[PDB]
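>>> Below is the sequence, then the experimental coordinates.
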Amino acid sequence: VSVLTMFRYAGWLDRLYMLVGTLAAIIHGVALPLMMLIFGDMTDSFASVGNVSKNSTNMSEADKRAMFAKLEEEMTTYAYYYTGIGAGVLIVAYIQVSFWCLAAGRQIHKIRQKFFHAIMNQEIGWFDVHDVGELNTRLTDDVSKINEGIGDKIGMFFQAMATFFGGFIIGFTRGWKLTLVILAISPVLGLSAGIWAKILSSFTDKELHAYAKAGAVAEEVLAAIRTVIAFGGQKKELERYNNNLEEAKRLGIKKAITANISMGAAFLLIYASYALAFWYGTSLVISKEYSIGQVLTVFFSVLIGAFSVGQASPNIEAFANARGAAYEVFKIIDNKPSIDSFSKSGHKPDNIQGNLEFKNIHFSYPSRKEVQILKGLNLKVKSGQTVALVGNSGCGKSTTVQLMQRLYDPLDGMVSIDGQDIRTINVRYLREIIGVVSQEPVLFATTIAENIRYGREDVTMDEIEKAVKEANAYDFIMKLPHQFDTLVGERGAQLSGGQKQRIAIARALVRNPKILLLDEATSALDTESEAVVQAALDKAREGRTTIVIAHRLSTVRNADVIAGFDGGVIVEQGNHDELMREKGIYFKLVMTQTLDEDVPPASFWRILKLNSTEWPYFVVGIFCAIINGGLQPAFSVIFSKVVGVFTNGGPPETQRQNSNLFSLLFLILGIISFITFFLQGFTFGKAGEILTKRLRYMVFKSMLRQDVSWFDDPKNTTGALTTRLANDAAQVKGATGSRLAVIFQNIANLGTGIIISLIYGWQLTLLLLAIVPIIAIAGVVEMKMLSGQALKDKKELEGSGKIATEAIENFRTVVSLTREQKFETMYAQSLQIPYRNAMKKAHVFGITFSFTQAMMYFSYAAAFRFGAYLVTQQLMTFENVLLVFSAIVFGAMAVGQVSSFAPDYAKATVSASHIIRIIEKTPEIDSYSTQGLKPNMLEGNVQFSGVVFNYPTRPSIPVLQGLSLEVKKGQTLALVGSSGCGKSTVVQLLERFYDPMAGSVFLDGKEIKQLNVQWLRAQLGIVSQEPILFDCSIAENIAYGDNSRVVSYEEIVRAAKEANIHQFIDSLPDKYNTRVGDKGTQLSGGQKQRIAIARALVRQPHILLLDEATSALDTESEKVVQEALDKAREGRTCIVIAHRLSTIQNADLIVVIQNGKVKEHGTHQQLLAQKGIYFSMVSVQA
Ligand SMILES: [Hg+2]
Ligand SMILES: [Hg+2]
Ligand SMILES: [Hg+2]
Ligand SMILES: [Hg+2]
Ligand SMILES: [Hg+2]
Ligand SMILES: [Hg+2]
């Protein structure tokens, strides 16, 4: 079912090219061993010449002619063969790559449109359940994975098995024993991979749990940053994060060490197998004469067949993970379970004037177990009326409105519009006959003309005009620039909410429904605009049967009929007077209410500087890189010598020669290889480990010691910072790894390859390095062109995805239903551009890889043609021919190196650039000295003079302009302003979060500028709006060590005693030792505030600061907390900016701050006796 068959579905003509491409992938994979079968045949003919050169030379003139004639024949075979295979792999590569794009393109585009349709066709279900909107984005990433699954990855898979099965085929066919030997040594290679699976996979996960502790500490500190800053508890958070880092690093070292050990054993088994393969390959020639040394290399090509399984595994994982992600959700992704709504058919009533009927309706939202919110209902409103509903116990009114649009089919009973059931009539038509003005208006990002046009697609500006005129929306739009062509700026949030709703009214007005549903449309709006929108609603009524729910009973007064519920069942119904008459529910309520990142700057060799500072010395790492570096070419020399004594050499000692080279190849390569992998792993493992620690430490610490809009007003976030701390330090660990990688391959290829090249017949080196770097560049340009396509594709789907996410995230598109098909139609038109683009990139993806494989034969071409033949005949021996393989494999060796181990620099360098720019910091105000703390400074009189300030946004209309205040010690400084900030900013400047732009601020009369940054924050009573405690024992929270300040039990006792939180301290288990229970989820606001107050008065500040402390709070809690504050303050300087003017009535100096400039100031009775702003504030506060 869904696992295999369904995944590939449809694609009638697609499947044909799918199979053609598959076939070309097969013959492509087949091509590689055939090129290597040729290699054994070419070796034999090439071999026979050397035998006469060493031994006989009986006749001379004959050999210079005939042997080379034979060589020329081999030149002819060389030429038609490498070429035949080359043209083959060129064509078939272009085809097999054409497979992804051509098949997957149509498959995925079909998936895309069907997915978008099923998504819009599930209706209610999507908003009720699943991941609540955030899911289908991820899902379009899933269809992107689908795109990755059915692509050429499969073609590569068949190619791989073709090289595998075909490799072993040729192996068995031209001899059967060595294949068998290699297969016997083969499972050993699979066992070594077992070290990988147990240790490596586990230790990644092991280390993560360790740093998880470090992440939690870093998570909260950076979120609680202004609090820890204000209290200066930084160095302690420093300490915790350092301990957790200390554990995470030791799990890091075990990971690196073991990893390198594993890869090391892998190479052991590789050189071991390679050698044993030579021992049995050699045993078949000298004392036997089966192989002439032809097949011996081809049987190694059977090892290329062994590499083909390793090349196969990722493609399967690419198919499976794409398959698995798609098919499990594909049944849910696609089709249409639906059938409570759908889109189509049904019954069309044309009578269009009717009576709504609710009959015995029992319903529960499909949250299931929730008790029926509506259990039974009977309500019937005659045509032309306006019915108003009210309730107490909750939901159940909104439910009836929800049911009326058939958003939910009732469990029992029926809703009948006119005489017909609602379930008979067409859903689309039903939605079209029912207009709805919701409590929360919504405007799509488009013109107001289009937002209306979403009400009805086919419409003209005359109807738009009459619409807004009828919605009285024709005023603000005219004054608004661009008129009807006026965009809704910054997505859909631009203008007044009353205007938004009013526009929504015009939109529903174009709909011209005979039923109008108003759910709290007036709610959450200012009273004036409330009355305006209300007027629009009133002009929209009486021509339409309607139902209105709101919490302002003034609008409920003029309703023809009002309905009470209390538990979901209808109880009272009738005219207003009748309801007040009943002294019921209505009368009861009436009387009751009376991660964008990455700046340009780059490291430039500065990485190794921080490394060397934290990497004290390691010459053993680089030395290990040298001996492994020189280890690879030893192989190329040895291998040359193996076949070397077979071609050029005499009959005696050949057996011994093979034994010696076998053993030399085994221990000299394999053992030393184990040594170097375990040694470097032992070096760079601890190197990168401690680098990751010291880096993460000095980062989190460089971060905590700087604030200044990195925290106060950042474009950053807590998560981005934690991410910085983890990932980046891991990357600089790779940055350090690349150094050793570079010196290693430096001596490994260039140095030894060149030195060895000096002993050549010359001439070969130049031609060889005229190839390898070029094909290397071809490998670079392949990845680059690849990323260019990835980016352009992602940008196109980006735009289509943006407008798609716009559709799916807004569920109200269903209330008009006009936009159901309209949105996916436009989106279809959006998806159209990349589709046509796909065939073009089909050729792009297609021709490139073909050309890449076109370099396969050309490498072998220039190699053996010019290598053998013409270079041969003078100064050419058993070496320098196989040394071709040396310098060639050396280039490939580097490839192996670059495409493995540490990250491809890049991200490492960049992450390093950030982690470095962060550790450099911008210390500004940090700790240092800056003052002496005269004992006599305990006064507390805060001066402000000519102070201007702006948060770091220049044209933000700065909150401080020309501001000056004063407060004497031991007295209350009241503060009042319009709302929000400029209130708080004074407090922040006193906290010295930022030193003001101009003017000055004083505490004892000294300038804050000249005051100690720390000691200024040493006496402050700062208590914020929403108090946040360090996660710790509440006793330990109460006492925050400033510097040397010890945890004092009797002191924190005095703290609780003063804060009146001692109530909870007395009771509850452990008393003071009760922890807050995961960020104080067990405590209410009054308690948290009491504790925060205790945090303040432990410090014994001469200055207390309250920023709208009781603003968010309620009932008695405000009084007991205010009482605590009052017993804490008035003995010392305090500033209360709270918006509560009833408790501000007792103050020494009340200050009204307008626009940066203090307007009025004086005691309550003084300003109140006066008249102006303050008097307005109290009069409207009442
Ligand atoms: Hg593709
Ligand atoms: Hg509910
Ligand atoms: Hg090494
Ligand atoms: Hg602000
Ligand atoms: Hg804590
Ligand atoms: Hg106060």
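That came in fine, so what should we check first? Residues are numbered from 1 along each chain as shown. Ligands and ions are numbered 1, 2, ... in the order given.
>>> Please make it C-alpha for all contacts and neighbour counts, starting now.
Fine.
>>> Do a quick rundown of the strands in the stretch 1001-1150 of the chain.
Remark: strands assigned in the stretch 1001-1150 of the chain by DSSP state E, counting those that start in this stretch are 1103-1106, 1133-1136, 1149-1154.
>>> ignore the last one, the stretch 401-550 of the chain
412-417, 420-421, 434-437, 515-519, 545-549.
>>> Looking at the ones you listed, spot the one closest to residue 210.
Closest of these to residue 210 is strand 515-519, at 51.2 Å (criterion: C-alpha to C-alpha).
>>> CA-only coordinates of the closest one, as CSV, when you get a sec.
Extracted in CSV, the C-alpha atoms of strand 515-519 (Å, rounded to 0.1, in the frame of the first residue of the first chain):
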residue,chain,number,x,y,z
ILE,A,515,-28.3,36.0,7.5
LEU,A,516,-25.7,38.1,9.5
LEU,A,517,-23.7,36.7,12.4
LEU,A,518,-22.0,39.1,14.8
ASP,A,519,-19.7,37.5,17.4
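>>> what's the closest of the strands of the stretch 1001-1150 of the chain to residue 800?
Using C-alpha to C-alpha, the strands of the stretch 1001-1150 of the chain put strand 1149-1154 closest to residue 800, at 47.1 Å.
>>> Can you identify the element that follows that closest one toward the C-terminus?
strand 1157-1162 (DSSP states H and E).
>>> Run the angle between that next one and strand 1149-1154 for me.
If you take axes from the mean of the first three to the mean of the last three C-alpha atoms, to 10 degrees, strand 1157-1162 sits at 150 degrees to strand 1149-1154.
>>> Same question for the helix or strand following strand 1157-1162: list its buried residues.
Under the assignment DSSP H and E, the closest C-terminal helix or strand after strand 1157-1162 is helix 1164-1169. Within helix 1164-1169, the residues that count as buried by 16 or more other C-alpha atoms under 10 Å are 1164, 1167-1168.
>>> For residue 381, grab phi and psi.
phi -110, psi 130 (degrees, to the nearest 10).
>>> Next: the one 5 residues further on.
Per-residue torsions, residue 386: phi -130, psi 110 (degrees, to the nearest 10).
>>> Look up how far residue 890 lies from it.
87 Å (C-alpha to C-alpha, to the nearest Å).
>>> same deal with residue 393?
Distance, residue 393 to residue 890, by C-alpha to C-alpha: 80 Å.
>>> How about residue 966?
Per C-alpha to C-alpha, residue 966 is found 79 Å from residue 890.
>>> Which one's more surrounded, these two?
The residue with more neighbours, out of residue 966 and residue 890, is residue 890; 22 against 16, by other C-alpha atoms under 10 Å.
>>> isn't that one right up against residue 752?
No - if you go by C-alpha atoms under 8 Å, residue 890 and residue 752 don't touch, sitting 9.4 Å apart.
>>> intersection of neighbour lists for the two?
residue 633 (C-alpha atoms under 8 Å, 6 or more residues apart in numbering).
>>> ok and the residue in this structure nearest ligand 1?
residue 101 (4.1 Å; C-alpha to the ion).
>>> all helices in the stretch 1-150 of the chain, in order from the N-terminus.
Ranges of helices in the stretch 1-150 of the chain, per DSSP state H, counting those that start in this stretch, are 14-54, 61-99, 105-121, 124-128, 135-149.
>>> for the stretch 951-1100 of the chain, what spans make up the helices?
Using DSSP H, counting those that start in this stretch, the helices of the stretch 951-1100 of the chain run over 984-990, 1013-1016, 1034-1038, 1049-1059, 1062-1066, 1085-1098.
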